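Observations on the three-dimensional arrangement
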Protein chains: 2
Amino acid sequence: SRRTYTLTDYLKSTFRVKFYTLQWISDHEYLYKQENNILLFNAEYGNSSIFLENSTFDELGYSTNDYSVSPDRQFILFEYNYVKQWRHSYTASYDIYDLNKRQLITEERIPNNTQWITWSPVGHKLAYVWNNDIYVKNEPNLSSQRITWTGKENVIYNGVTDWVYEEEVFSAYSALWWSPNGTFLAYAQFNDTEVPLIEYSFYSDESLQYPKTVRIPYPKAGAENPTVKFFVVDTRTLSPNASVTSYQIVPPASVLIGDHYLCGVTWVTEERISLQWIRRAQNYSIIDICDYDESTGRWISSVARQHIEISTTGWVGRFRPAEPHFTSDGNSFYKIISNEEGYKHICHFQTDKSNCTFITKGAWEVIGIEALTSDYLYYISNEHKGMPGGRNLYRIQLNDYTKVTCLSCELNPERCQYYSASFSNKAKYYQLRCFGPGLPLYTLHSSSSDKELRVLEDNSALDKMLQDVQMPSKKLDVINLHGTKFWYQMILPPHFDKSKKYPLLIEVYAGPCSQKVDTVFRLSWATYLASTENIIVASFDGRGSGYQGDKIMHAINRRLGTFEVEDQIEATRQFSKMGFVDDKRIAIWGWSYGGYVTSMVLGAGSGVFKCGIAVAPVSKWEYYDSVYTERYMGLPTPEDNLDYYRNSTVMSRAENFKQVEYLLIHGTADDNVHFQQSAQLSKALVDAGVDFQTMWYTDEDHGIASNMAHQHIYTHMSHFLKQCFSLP
Amino acid sequence: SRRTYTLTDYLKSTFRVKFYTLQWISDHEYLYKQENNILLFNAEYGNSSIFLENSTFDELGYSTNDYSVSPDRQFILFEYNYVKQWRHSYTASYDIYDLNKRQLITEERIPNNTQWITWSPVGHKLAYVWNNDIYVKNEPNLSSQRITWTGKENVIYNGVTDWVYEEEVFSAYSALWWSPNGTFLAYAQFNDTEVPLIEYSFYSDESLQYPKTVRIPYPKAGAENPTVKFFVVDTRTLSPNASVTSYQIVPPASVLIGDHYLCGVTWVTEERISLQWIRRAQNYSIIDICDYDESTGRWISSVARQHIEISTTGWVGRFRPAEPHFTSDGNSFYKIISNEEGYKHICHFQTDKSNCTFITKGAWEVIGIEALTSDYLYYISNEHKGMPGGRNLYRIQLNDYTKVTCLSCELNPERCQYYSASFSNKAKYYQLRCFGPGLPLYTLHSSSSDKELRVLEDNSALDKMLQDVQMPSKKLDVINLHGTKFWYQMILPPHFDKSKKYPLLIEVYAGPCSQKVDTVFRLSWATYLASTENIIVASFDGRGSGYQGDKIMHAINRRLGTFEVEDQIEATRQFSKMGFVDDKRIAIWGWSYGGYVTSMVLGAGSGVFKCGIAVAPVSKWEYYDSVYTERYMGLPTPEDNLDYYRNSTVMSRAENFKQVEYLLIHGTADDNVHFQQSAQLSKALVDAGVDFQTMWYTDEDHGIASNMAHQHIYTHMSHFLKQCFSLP
Ligand SMILES: *[C@@H]1O[C@H](CO)[C@@H](O[C@@H]2O[C@H](CO)[C@@H](O[C@@H]3O[C@H](CO)[C@@H](O)[C@H](O)[C@@H]3O)[C@H](O)[C@H]2NC(C)=O)[C@H](O)[C@H]1NC(C)=O
Ligand SMILES: *[C@@H]1O[C@H](CO)[C@@H](O[C@@H]2O[C@H](CO)[C@@H](O)[C@H](O)[C@H]2NC(C)=O)[C@H](O)[C@H]1NC(C)=O
Ligand SMILES: *[C@@H]1O[C@H](CO)[C@@H](O[C@@H]2O[C@H](CO)[C@@H](O)[C@H](O)[C@H]2NC(C)=O)[C@H](O)[C@H]1NC(C)=O
Ligand SMILES: *[C@@H]1O[C@H](CO)[C@@H](O[C@@H]2O[C@H](CO)[C@@H](O)[C@H](O)[C@H]2NC(C)=O)[C@H](O)[C@H]1NC(C)=O
Ligand SMILES: *[C@@H]1O[C@H](CO)[C@@H](O[C@@H]2O[C@H](CO)[C@@H](O)[C@H](O)[C@H]2NC(C)=O)[C@H](O)[C@H]1NC(C)=O
Ligand SMILES: *C(N)[C@@H]1CCCN1C(=O)[C@@H](N)Cc1ccc(I)cc1
Ligand SMILES: *C(N)[C@@H]1CCCN1C(=O)[C@@H](N)Cc1ccc(I)cc1
Ligand SMILES: *[C@@H]1O[C@H](CO)[C@@H](O)[C@H](O)[C@H]1NC(C)=O
Ligand SMILES: *[C@@H]1O[C@H](CO)[C@@H](O)[C@H](O)[C@H]1NC(C)=O
Ligand SMILES: *[C@@H]1O[C@H](CO)[C@@H](O)[C@H](O)[C@H]1NC(C)=O
Ligand SMILES: *[C@@H]1O[C@H](CO)[C@@H](O)[C@H](O)[C@H]1NC(C)=O
Ligand SMILES: *[C@@H]1O[C@H](CO)[C@@H](O)[C@H](O)[C@H]1NC(C)=O
Ligand SMILES: *[C@@H]1O[C@H](CO)[C@@H](O)[C@H](O)[C@H]1NC(C)=O
Ligand SMILES: *[C@@H]1O[C@H](CO)[C@@H](O)[C@H](O)[C@H]1NC(C)=O
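Calculation notes
Residues numbered from 1 in each chain as written, not as in the entry; some residues may be left out. Chains lettered and ligands numbered in written order. Part of a larger assembly, values for the part shown. Heavy atoms only, no water. Contact = heavy atoms within 4.5 Å. Buried area = accessible area lost by both parts, 1.4 Å probe. Salt bridge = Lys/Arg side-chain N within 4 Å of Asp/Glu carboxyl O. 1 Å grid on protein atoms, 1.4 Å probe; cavity = no way out; pocket = protein on both sides within 12 Å on 5 of 7 lines; lining within 4 Å. Points joined across faces, edges and corners; volume = space filled by probe spheres on them. Helix = DSSP H or I, 4+ residues; strand = E, 2+ residues; numbered from the N terminus. Nonpolar A, V, L, I, M, F, W, Y, C, P; charged D, E, K, R; others polar. Pairing = 2+ DSSP bridges. Axes fitted to C-alpha atoms, helices over the stretch in contact; angles between N-to-C directions. Near = heavy atom within 4 Å. Polar contact = N/O pair within 3.5 Å; in protein donor to acceptor, adjacent residues only side chain to side chain. Areas by Shrake-Rupley, 256 points an atom, 1.4 Å probe, with all protein chains shown as cover. Least-squares fit on C-alpha atoms. Domains from an automatic or database assignment. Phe/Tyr/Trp six-rings, centres within 6.5 Å; stacked < 30°, edge-to-face > 60°. Buried < 20%, exposed > 50% of the residue type's maximum accessible area, 1.4 Å probe, protein only. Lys NZ or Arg CZ within 6 Å of the ring centre and 35° of its normal.

1. Considerations on the interface of chain A and chain B
The partner chain B presents 52 residues to the 53 residues of chain A that form the contact. Note on chain A versus chain B: buried area summed over both sides is about 4,300 Å², and carbon and sulfur give 55% of it. Of all residues in chain A, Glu-206, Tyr-210 and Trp-696 of chain A give up the largest surface area on contact with chain B, accounting jointly for 19% of the area buried on that side. Summed over the shared surface of chain A and chain B, the number is two salt bridges.

2. Here's the deal with empty space enclosed by the protein
Within this structure, the stated rule accounts for 14 cavities of 30 Å³ or more. Counted as a void, the largest cavity has a volume near 140 Å³. Lining the largest cavity are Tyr-200, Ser-201, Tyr-203, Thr-668 and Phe-675 of chain A together with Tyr-200, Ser-201, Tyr-203, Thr-668 and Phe-675 of chain B. Within the residue set of the lining of the largest cavity, elements represented by two or more residues are strand 16 (197-202) of chain A together with strand 17 (197-202) of chain B. When its residues are assigned to classes, the lining of the largest cavity shows six nonpolar, four polar and no charged.

3. What to know about the sheet that holds strand 36 (residues 454-457) of chain A
Residue and element names in this part refer to chain A. Read across the open sheet, the four strands follow the order 33-34-35-36; overall the sheet is antiparallel. Edge strands, defined here as strands with exactly one partner in the open sheet, are strand 33 (419-423) and strand 36. When strand polarity is set aside, the average angle formed by the axes of neighbouring strands in this sheet is 25°. Sheet topology note: the strand 35 (residues 441-446)/strand 36 ladder contains three bridges and is antiparallel. The residue of strand 36 that forms the bridge with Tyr-442 is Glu-457.

4. Examining the site of ligand 7
All names here are of chain B. Taken together, 14 residues sit near ligand 7, with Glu-167, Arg-320, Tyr-509, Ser-592 and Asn-672 positioned nearest. One of the side-chain nitrogen or oxygen atoms of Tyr-509 is found 2.6 Å away from a nitrogen atom of ligand 7. The contact in question runs from an oxygen atom of ligand 7 to an N or O atom on the side chain of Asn-672, over 2.7 Å. Coverage of ligand 7 by the protein amounts to 90% of the 480 Å² it exposes when considered alone. Looking at the shell around ligand 7 residue by residue, the classes come out as six nonpolar, four polar and four charged.

5. Section: the site of ligand 8
Residues and elements named next belong to chain A. Within the structure, ligand 8 sits among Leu-40, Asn-42, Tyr-45, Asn-47, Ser-48 and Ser-49. Contact distances for ligand 8 include 2.4 Å between an oxygen atom and a side-chain N or O atom of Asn-47. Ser-49 places a polar side-chain atom, nitrogen or oxygen, 3.0 Å from an oxygen atom of ligand 8. The fraction of the free accessible surface of ligand 8 (370 Å²) that becomes covered by protein chains is 48%. Secondary structure elements with two or more residues in the shell around ligand 8: strand 4 (37-42) and strand 5 (48-52). Partitioned by chemical class, the residues of the shell around ligand 8 number two nonpolar, four polar and no charged.

6. Considering the relation of the copies chain A and chain B
You can overlay chain A on chain B at an RMSD of 0.7 Å; the transform is a turn of 180° with a shift of 0.1 Å along its axis. Viewed as a symmetry operation, the transformation between the two copies matches a two-fold axis. Ranked by how close their C-alpha atoms come to the rotation axis, the residues of chain A are headed by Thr-694 of chain A, at 2.8 Å. Residue by residue, 98% of the interface of chain A is reproduced at the interface of chain B, so both copies engage with the same surface.

7. Some remarks on the domain arrangement of chain A
All names here are of chain A. Its domain assignment divides chain A into domain 1 (1-470) and domain 2 (471-728). Tallying the contact residues gives 67 residues for domain 1 and 56 residues for domain 2. Around 5,200 Å² of area is buried between domain 1 and domain 2 when both sides are counted, 57% of it from carbon and sulfur atoms. Together, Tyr-5, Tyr-10 and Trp-315 form the three largest contributors to the area buried by domain 1 at its contact with domain 2, with a combined 15%. Inspection of the region where domain 1 meets domain 2 yields three salt bridges. A salt bridge links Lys-84 to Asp-701, with the shortest nitrogen-to-oxygen separation between them at 3.7 Å. Taken together, the connections running from domain 1 to domain 2 amount to 37 residue pairs in polar contact. Secondary-structure elements contributing two or more residues to the side of domain 1 that touches domain 2 are helix 1 (7-11), helix 2 (163-170), strand 16, helix 4 (460-467) and strand 37 (469-470). Looking at side-chain class alone, the side of domain 1 that touches domain 2 contains 34 nonpolar, 21 polar and twelve charged residues.

8. Quick notes on the packing of aromatic side chains
For the structure on display, the rule yields 106 aromatic pairs over all chains. Centre to centre, the rings of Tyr-5 of chain A and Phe-15 of chain A are 5.3 Å apart; their planes meet at 50°, and the pair counts as tilted. Residue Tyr-5 of chain A is found in the loop between strand 1 (3-4) and helix 1, and its partner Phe-15 of chain A is found in the loop between helix 1 and strand 2 (23-24); the two are separated by ten residues along the sequence. Taken individually, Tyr-5 of chain A and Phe-15 of chain A each receive the classification buried, so the pair is uniform in this respect. Residues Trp-315 of chain A and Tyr-632 of chain A carry aromatic rings whose centres are separated by 4.7 Å and whose planes lie at 90° to one another, so their mutual orientation is edge-to-face. On the criterion of sequence distance, the pair formed by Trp-315 of chain A in the loop between strand 24 (306-310) and strand 25 (325-326) and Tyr-632 of chain A in helix 9 (residues 626-633) is long-range, its members being 317 residues apart. Residue classification places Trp-315 of chain A among the buried residues on the basis of a relative accessible area of 1%. A relative accessible area of 0% places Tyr-632 of chain A in the buried class. Among the aromatic residues, ring-to-ring pairing joins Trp-315, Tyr-509, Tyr-593, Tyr-596, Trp-621, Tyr-624, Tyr-628 and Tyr-632 of chain A into one connected group. We note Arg-279 of chain A situated over the ring of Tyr-284 of chain A; from NZ or CZ to the ring centre the distance is 3.7 Å. In this structure, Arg-146 of chain B packs its charged tip against the face of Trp-149 of chain B, placed 3.9 Å from the ring centre.

Listed below in structure tokens is the structure:
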């Protein structure tokens, strides 16, 4: 009877998955925009009430908003006219609306193309970056004070990151931080003067007669990296006829020595800030906790307050060293690190002592610290049921590491095994976000009573919608490789036959510290491949993956393209041992690093895979950026690791592609994995006499994210997989 | 029984078609390279002597790619270190060899990276371009003397064409012209200052960490074109401590009025030069025969000596206006222009009388004037058998235009219907080149008795091989469209069997004045397609084609992408309704203009074609260069032809692509038809939700001619074709 999940279902998001985004604005109240009106919900009394109606969002372009209400609740910031740039970065326009007089501020408006804006932590101060320079507004109707005058396109960024810092270090565009009471505003300046430029054509609209050339300061492996400086402005003296009072905090000697990176900024107190630096190698990190000298206005550093974290078996942290979470008095902090066993656990440090005390242990890892009060610490880990692909919220008593309780494990054990949490201030309440394995579920809770104050979103609407369709099922199991058990998952077609034979599709990412296998509910292209095309879609996290301890994650240090690729084969090999797999029809695919591994596996000449598809794949690590590549492969010089760079390019394996049907896809405007990568790859194959297929996407970036492109690629990839599989 | 001409035979040229390349150097002697020796033959006598032993090459420390002997037979130029640029342009290194003392002149050498070099018509002077400047060397062993100082990269070219003059007007990279006795040295200077730059990426070898951005001053439709200046230099006063004596010849005012092009330079005598200019709108052209004034050094022009040529139905010439052929004395010249009946024939002009007299007439055309003596004039036309796709050599008596003799018609009426010739210095002898339909045949003839002195090359070898292989047959014929007789050709598969239904592939170019239907013998991809895959390959010349009169050719003036594509469809539709054609399997493919035409047809929704391949297609004329585009479309403004520009793009037909299988190939380093053109086309298709196949070629250009690429694209297109035709 009932239907199957169709490609059109997937491409037209006909089966919507709802979520519940809120914005805490006190230890017990939060804002939520419904339809278009911001409502203020009180978590302590359960009552709510419109904060400002739908009738104030005057569309000044096309669509609108995202909002930000000043901590003092006297003003509200409205963003619209959003112009996307890189992954996190973009420009937009802002309008400040007075919540008192209840009028839109027209005098001293915020510039068109602001790159970043933000309220001070308290009161209603503003600090924004426009044309790479920092400006501050003590009042929404006053004139801003220019803080920096060095701003310069493609060269000097003040308050916002350059391309590589946005992407591989901060995972954000923002590079300014207000101090708790708004006394100080800290920021970072990036200098790209010596950073080479990546360049590519961007054809624009059909009517543009000459293509334009995009130029971006992008450091590829080995290249000259951008430098950085850090400053702390004392906003108290900001006046139109006064000078900007500031101080430059320089990194510690152990780091100044050579090329380094600024990777973390944490305000401990108004008089204390914490900076986290890392040498360019990324196996030596350090935390420098600076104190404000009242009598001189300078932030003094101290050996007693510095904390070195290093890695002798790989790199520090997962994707970057863990951030420290300071206590209120700032005299001590907690930060995740690797223990003697190689597992990521919480360690307790005292601001001025170098030895710490782990407050957790186990054959599991703390995913990240979430909230900290004077009595408890709330964190996320994959301990529960020993599944590295699960996430639960836990609370541990600071005065007895014995009293640890799981606050989410048994709320809905079958439907919910993957949470993320969002606490209020002082952490007296929290939103629980459940992403699977069952339909997503958002609920609010009290921290004291641990009770479920209410259901914010249950997706019951999607539940109905789905009971009428033949959904596939997702199973997570285990196989052993090298005496170790690695997890895998398979999306199984509806009424999963049994011993009958189905074509297999490995969906791989496998980048370092990644995790493709999990209990997150997803409605993806695989869902359709299984439900409608009856294709099994497996995934496997072998060596290099994360969340299972450094032993597994650092297996690929300095040798990407080896184990993670090899394990994808060994596992698919076993998958074919199983009787429901049609070994004559096994394919593989992946995007980005998944594109790389897809290609490397297809280039292995293992005889196991029939066809593959790589999308925006890395092909030669020397083409990728410094921060990411150098973290796992070191420098591409003969005195360092140039050898493993050389033998891990996809081109080196071109002759074997003759044994498989290959589909290579890239977006011509990929600022991330430059189209260049695929250009050098197809050339090698051409030189090698290998037939394959191609698909370029004019002006699409790393995401091939436009609607038309999105639908095109999957439709195009679908026909390919079906052809290779002899499917109608 | 016998094998078939296989795809591999075509790609690796297993079957070589020999030819014979000689260089005349007198009226009875020509140079010929044999087994790497330069031999000097003697016409009539037939004997030959070693002019330079191949042992001379081996002593040189490099691969001598080309040679040139001084007209006085004392020196020989050795071209090596060749480095191709555009279609004609390229730089090289040169060594001058002293034939008398048999040494390699090693002092005051020619610089490396020479853009162009050439001997004076007599003696052994040299003129060369280097760094966009002109240098003159009187003696091989003496310092050269600089002539221009303005030469600047991508902006000022002295003695060599810029991108657009090379490709569109001169079909050459040289812009130098020695006078008959080498007294003067005429040269054009090109200013690209205000011409926009086309920018694209060149990836180069894998080791290149960052791609290189290529930039060419390239004028696209309606854009600022480069400007030009002509100059005659009196080399006699050339001395290190002396300025340069030069006069700038400006075009007649009727042309100077606005944007113009210099499209011809012909020396008549040592004191008379003929320049040919054209207006940006190529429907007005004028010849200005200038005389040297000994008392001033000026080159004076006179209204009497000016001949205006214009078209009311299209543009002047076939691609450019025919060039004037002057008489020894210089008082009269012969040039091809259009009849009052629209047919291109030879008109006799008086150097100072505005009227001329047509010495030839009919419903056929003269392709070109080959030689001119004081009694006879030799030309090539397609009159024989009223076959527009044929070529023969004719001789006409200047004293009586009634006696015309066809020198090639009856030499091999069955094997040779397409010739081209080469005459000795005074036309005392001529080499006839027979390119089809039989195997190419080169022969030597004496202008006196017109008897065949000997067979230079008959390809007897090739003839022996092919008899042992099932070669397909090529039949030319006619059909009627719009009440006219348009020619076509079909490469029929071996042992053709009317009654049985073959798949049909239409190979099309269709560019204005083009000719796909001819009698030239060609070992092509179609040969393989028909001999092996049993697919019929046909070509059709409809409206817009050339060599059939202006009424046919100018039909698409100002409306490119209409009648000619419309004529391809009507024609196929007829072939479709024939018996031996399986209308359920008809494809069409093409390159450049052909690619554009293939696309416009596929997107016409005429339902005739199943699939199509487009290689480096034009997609929107505003993207192509001005000289060529503006010649058939005029200017892309609302006051001109902007409207036919607008509805002639391929994008505007993107939707109809939902009805056909389409392959889109394009070199990413195509400087001629920019990649942008396909980039824009795919984007349109993707935005129209249409699925198609793509294939980019890293760094290949318009010809996609590297040996590896060349093979890949034909193997690729072969697969695609076989799929679509349901062929195993
Ligand atoms: C430099 O030039 C000399 C010519 O003086 C080249 O010698 C030629 O070498 C070829 C190959 O060994 C000879 O070809 C032979 O021709 C006979 C016909 O008489 C044929 O039966 C054989 O099958 C073979 O093809 C050729 O006779 C000989 N010189 C002549 C008479 O043309 C020499 O090869 C050249 N050196 C190089 C490497 O360029
Ligand atoms: C690059 O070369 C290294 C060195 O040979 C390869 O490492 C070896 O791989 C083989 C086959 O998988 C193993 O049996 C050896 O034990 C490895 N030796 C060492 C020293 O590690 C590596 O696999 C190659 N990597 C790529 C990208 O092909
Ligand atoms: C090439 O053409 C440019 C104009 O496109 C010439 O530049 C002009 O030079 C004159 C005198 O040097 C100035 O008065 C003008 O202002 C310039 N025009 C512009 C807009 O640049 C240039 O001189 C030409 N080059 C040569 C050597 O002929
Ligand atoms: C020579 O070509 C020009 C350039 O196209 C002709 O003039 C244009 O004619 C079209 C219509 O045919 C008009 O739409 C344009 O506005 C005209 N532009 C100009 C500058 O006149 C011109 O008529 C042709 N000369 C002749 C009469 O043969
Ligand atoms: C561009 O638009 C013009 C105007 O409609 C088209 O010209 C006419 O096309 C129809 C269809 O062939 C004919 O019946 C008319 O005789 C054409 N002539 C004119 C002047 O109207 C033209 O075909 C379109 N070109 C393209 C490439 O689509
Ligand atoms: C594709 N996955 C591509 C090539 C490997 C690295 N790639 C990225 O896009 C990364 N920048 C992803 C990423 C982002 C942020 C962090 I911290 C870590 C990885
Ligand atoms: C493809 N054939 C492309 C688009 C039409 C013009 N094209 C060219 O490549 C031409 N530049 C070829 C050409 C060159 C010189 C003359 I005179 C005429 C045509
Ligand atoms: C909720 O109701 C209480 C009264 O018990 C009131 O003090 C408060 O203002 C209300 N808060 C909201 C969010 O409406
Ligand atoms: C504004 O909110 C109301 C609900 O109170 C809703 O009915 C209306 O459609 C919304 N208009 C929009 C889309 O801004
Ligand atoms: C940026 O760095 C360059 C050195 O590469 C230096 O000359 C310049 O002063 C720096 N700019 C700033 C504002 O720090
Ligand atoms: C700041 O200086 C400007 C002119 O330099 C002056 O108009 C203004 O009054 C000064 N600010 C104050 C309030 O002193
Ligand atoms: C950190 O990495 C560098 C660069 O690869 C290496 O030379 C250095 O010895 C490492 N330090 C360690 C492992 O402590
Ligand atoms: C042909 O050329 C040779 C020199 O290679 C010469 O000896 C001979 O006399 C010439 N033949 C005649 C008789 O003209
Ligand atoms: C000019 O010629 C004279 C000959 O008298 C020579 O001595 C002088 O060096 C020359 N000057 C140059 C190098 O232009």
